[PDB]
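For reference, the structure is listed below as C-alpha coordinates.
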(Lines of atoms letter the chains of each structure in order from A and count residues from 1; the text may use other names and numbers.)
(Lines give C-alpha, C1' and ligand atoms only; values in the text may rest on other atoms or scores of the structure.)
Protein backbone atom coordinates (compact mmCIF):
# COMPACT_ATOMS: atom_id res chain seq x y z
CA UNK A 1 0.00 0.00 0.00
CA UNK A 2 2.06 2.91 -1.35
CA UNK A 3 -0.58 5.58 -1.94
CA UNK A 4 -2.26 7.22 -4.91
CA UNK A 5 -1.39 10.03 -7.33
CA UNK A 6 -3.86 12.30 -9.14
CA UNK A 7 -2.65 13.96 -12.34
CA UNK A 8 -3.92 15.27 -15.65
CA UNK A 9 -2.32 15.48 -19.09
CA UNK A 10 -2.97 17.65 -22.14
CA UNK A 11 -1.18 17.13 -25.47
CA UNK A 12 -1.07 19.95 -28.03
CA UNK A 13 -0.48 18.55 -31.53
CA UNK A 14 -0.07 22.01 -33.09
CA UNK A 15 2.79 22.99 -30.77
CA UNK A 16 4.24 19.58 -29.95
CA UNK A 17 3.84 20.24 -26.23
CA UNK A 18 2.75 17.89 -23.45
CA UNK A 19 1.39 19.63 -20.34
CA UNK A 20 1.39 17.54 -17.15
CA UNK A 21 -0.50 18.70 -14.05
CA UNK A 22 0.63 17.03 -10.82
CA UNK A 23 -2.43 17.63 -8.65
CA UNK A 24 -2.08 15.73 -5.37
CA UNK A 25 -1.16 12.45 -3.70
CA UNK A 26 -2.98 10.64 -0.92
CA UNK A 27 -2.24 7.91 1.64
CA UNK A 28 1.52 7.97 1.18
CA UNK A 29 3.52 5.90 3.69
CA UNK A 30 5.61 7.49 6.40
CA UNK A 31 9.18 6.74 5.38
CA UNK A 32 11.26 7.66 8.45
CA UNK A 33 11.19 5.91 11.81
CA UNK A 34 8.77 8.50 13.22
CA UNK A 35 6.28 7.86 10.40
CA UNK A 36 6.67 11.11 8.44
CA UNK A 37 7.58 11.87 4.84
CA UNK A 38 8.67 14.99 2.92
CA UNK A 39 7.30 14.08 -0.52
CA UNK A 40 8.00 15.58 -3.93
CA UNK A 41 7.37 14.29 -7.43
CA UNK A 42 9.90 13.91 -10.22
CA UNK A 43 8.39 13.83 -13.73
CA UNK A 44 10.30 12.86 -16.85
CA UNK A 45 9.86 11.14 -20.19
CA UNK A 46 11.88 8.00 -20.86
CA UNK A 47 14.00 7.07 -22.79
CA UNK A 48 15.17 10.72 -22.86
CA UNK A 49 15.83 11.96 -19.33
CA UNK A 50 17.39 15.20 -20.62
CA UNK A 51 14.36 17.18 -19.36
CA UNK A 52 12.96 16.40 -15.91
CA UNK A 53 10.67 18.38 -13.63
CA UNK A 54 10.49 18.26 -9.83
CA UNK A 55 7.74 19.72 -7.67
CA UNK A 56 8.37 21.69 -4.50
CA UNK A 57 9.02 19.58 -1.41
CA UNK A 58 6.02 19.39 0.92
CA UNK A 59 7.21 19.08 4.51
CA UNK A 60 5.81 16.39 6.80
CA UNK A 61 2.66 15.40 4.99
CA UNK A 62 1.30 12.12 3.64
CA UNK A 63 -1.39 13.85 1.53
CA UNK A 64 0.40 16.63 -0.38
CA UNK A 65 -1.53 18.91 -2.70
CA UNK A 66 1.04 19.93 -5.31
CA UNK A 67 -1.04 21.83 -7.92
CA UNK A 68 1.97 22.18 -10.21
CA UNK A 69 1.93 22.18 -14.03
CA UNK A 70 4.91 21.39 -16.26
CA UNK A 71 5.14 21.59 -20.05
CA UNK A 72 7.44 19.33 -22.06
CA UNK A 73 8.42 21.27 -25.17
CA UNK A 74 9.62 19.98 -28.55
CA UNK A 75 7.72 16.69 -28.42
CA UNK A 76 6.10 16.35 -31.86
CA UNK A 77 3.76 13.41 -32.33
CA UNK A 78 6.26 11.20 -34.13
CA UNK A 79 8.63 11.41 -31.13
CA UNK A 80 6.16 11.23 -28.23
CA UNK A 81 4.37 8.00 -29.16
CA UNK A 82 7.28 5.75 -28.22
CA UNK A 83 7.98 7.35 -24.85
CA UNK A 84 6.78 6.61 -21.33
CA UNK A 85 5.81 9.27 -18.80
CA UNK A 86 7.20 8.52 -15.33
CA UNK A 87 5.97 10.01 -12.05
CA UNK A 88 8.49 9.16 -9.32
CA UNK A 89 7.59 10.12 -5.76
CA UNK A 90 10.53 10.66 -3.41
CA UNK A 91 11.04 11.40 0.29
CA UNK A 92 13.30 14.43 0.64
CA UNK A 93 16.30 14.18 2.99
CA UNK A 94 18.74 17.01 3.63
CA UNK A 95 21.85 14.82 4.01
CA UNK A 96 21.55 11.47 2.22
CA UNK A 97 20.23 10.03 -1.04
CA UNK A 98 16.48 10.41 -1.23
CA UNK A 99 14.45 7.21 -0.84
CA UNK A 100 11.88 6.55 -3.54
CA UNK A 101 8.36 5.91 -2.24
CA UNK A 102 6.93 4.65 -5.51
CA UNK A 103 6.18 5.48 -9.10
CA UNK A 104 3.50 5.72 -11.78
CA UNK A 105 4.29 4.81 -15.40
CA UNK A 106 2.12 5.97 -18.31
CA UNK A 107 3.13 4.59 -21.72
CA UNK A 108 2.27 7.27 -24.26
CA UNK A 109 1.02 4.71 -26.80
CA UNK A 110 -1.55 3.34 -24.32
CA UNK A 111 -3.76 6.44 -23.97
CA UNK A 112 -5.84 8.79 -26.12
CA UNK A 113 -3.73 11.90 -26.73
CA UNK A 114 -6.78 13.62 -28.25
CA UNK A 115 -8.49 14.03 -24.88
CA UNK A 116 -7.62 15.70 -21.59
CA UNK A 117 -6.76 12.78 -19.29
CA UNK A 118 -7.44 13.13 -15.55
CA UNK A 119 -7.15 10.17 -13.24
CA UNK A 120 -6.00 8.61 -10.00
CA UNK A 121 -3.33 5.89 -10.16
CA UNK A 122 -1.93 3.65 -7.45
CA UNK A 123 1.81 3.89 -6.85
CA UNK A 124 3.80 0.79 -7.79
CA UNK A 125 6.98 -0.33 -6.10
CA UNK A 126 10.13 1.77 -6.50
CA UNK A 127 13.28 0.71 -8.32
CA UNK A 128 16.02 -1.34 -6.62
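Residue numbers (the UniProt record's numbering): 132 to 259.
For each residue, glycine too, the CB sits at the ideal point set by N, CA and C.
- In this structure residue 171 is in contact with residue 221, their Cβ atoms being roughly 6 Å apart against a cut-off of 8 Å.
- Rounded to the nearest whole angstrom, the CA to CA distance from residue 153 to residue 248 is 12 Å.
- By the criterion of a C-beta distance shorter than 7 Å, residue 236 is surrounded in its chain by 215, 217, once the five residues flanking it on both sides are discounted.
- Using a C-beta cut-off of 8 Å, the region 239-256 makes no contact with the region 182-193, since fewer than three inter-stretch Cβ pairs fall below that distance.
- Looking at the DSSP output, residue 149 sits in a beta bridge with 142, 203.
- Rounded to whole angstroms, the separation of the alpha carbons of residue 198 and residue 178 is 26 Å.
- It is roughly 20 Å from the alpha-carbon of residue 161 to the alpha-carbon of residue 251.
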